[PDB]
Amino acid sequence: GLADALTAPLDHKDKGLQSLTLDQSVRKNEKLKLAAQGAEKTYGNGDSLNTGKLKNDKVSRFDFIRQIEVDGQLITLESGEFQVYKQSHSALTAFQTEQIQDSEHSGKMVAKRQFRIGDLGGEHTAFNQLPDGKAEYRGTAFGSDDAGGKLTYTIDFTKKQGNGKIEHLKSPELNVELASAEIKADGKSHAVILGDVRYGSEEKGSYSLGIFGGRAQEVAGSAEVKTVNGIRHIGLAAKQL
């Protein structure tokens, strides 16, 4: 499904989420080239990724090159692995950097590793159309070199509160509690949750989730965990059973 995501047109026959707009994953004035399984495609800011072709509830992986066109020619600025986690009403992306442009010689690349979240999108649940009871979510938490995290989350729509936890990441300090937090209305009037992240009794950062699907089937977003090495980013996506 990787080559097809790069070569085939959007087809509503494929399982949703059908597509994802790459607003954050491609910066204005730059281009993003993805390659996998013998195919490639280049994206500009605002283009859509064909997530329809990707498998649900798993991380799909592409090689990426972030490029800039300067007076006709394409210069590589960064390369590595582009990750996409697909659910039915939501999706998110992330970047594992492996190389960056040398700071002095534009034509040279230098080994360098780092990790960051890209886009989060899908069919946002309207704040004023939230369901009634309580809901349980289960899914994935993924960070640099580790897609084996397990996300547990619970929403009480009556109290408009959510809370949960991350387990099983290889780095134990990343297995944090996602502390109780209020469901609020976005600037786009979408339902969102912003909360603290905790380990033991202590605050360790923050998390941010959007609620997706007509019936709040899904949550997705990310967490930042403060560490002595220092901030670690974790992608988050879960769904009702």
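Residues carry their position along the shown sequence, with the first being 1.
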Original post:
When the C-alpha temperature factors are averaged for each of 171 to 179 and 196 to 204, which stretch ends up with the higher value in the entry?
Top reply: 196 to 204
Subject >> Entry-level comparison of average CA B-factors, 227 to 235 and 7 to 15, reporting the higher stretch >> reply: 7 to 15
Original post:
Which one, 88, 99, 128, 83, has the peak C-alpha temperature factor per the PDB entry?
Top reply: 128
Subject >> Per the PDB entry, maximal CA B factor within 210, 44, 187, 213 >> reply: 187
**OP:** Looking at the entry's B-factor column for C-alpha atoms only, identify whether residue 103 ranks in the lowest, middle or highest third of its chain.
**Re:** highest
Subject >> For residue 123, the third of its chain into which the C-alpha B factor falls >> reply: middle
**OP:** Tell me, lowest, middle or highest third: where does the Cα B factor of residue 111 rank within its chain?
**Re:** highest
**OP:** Report the third (lowest, middle or highest) to which the CA temperature factor of residue 149 belongs, ranking only the modelled residues of the same chain.
**Re:** lowest
Subject >> Third of the chain's Cα B-factor distribution that residue 163 belongs to, per the entry >> reply: lowest
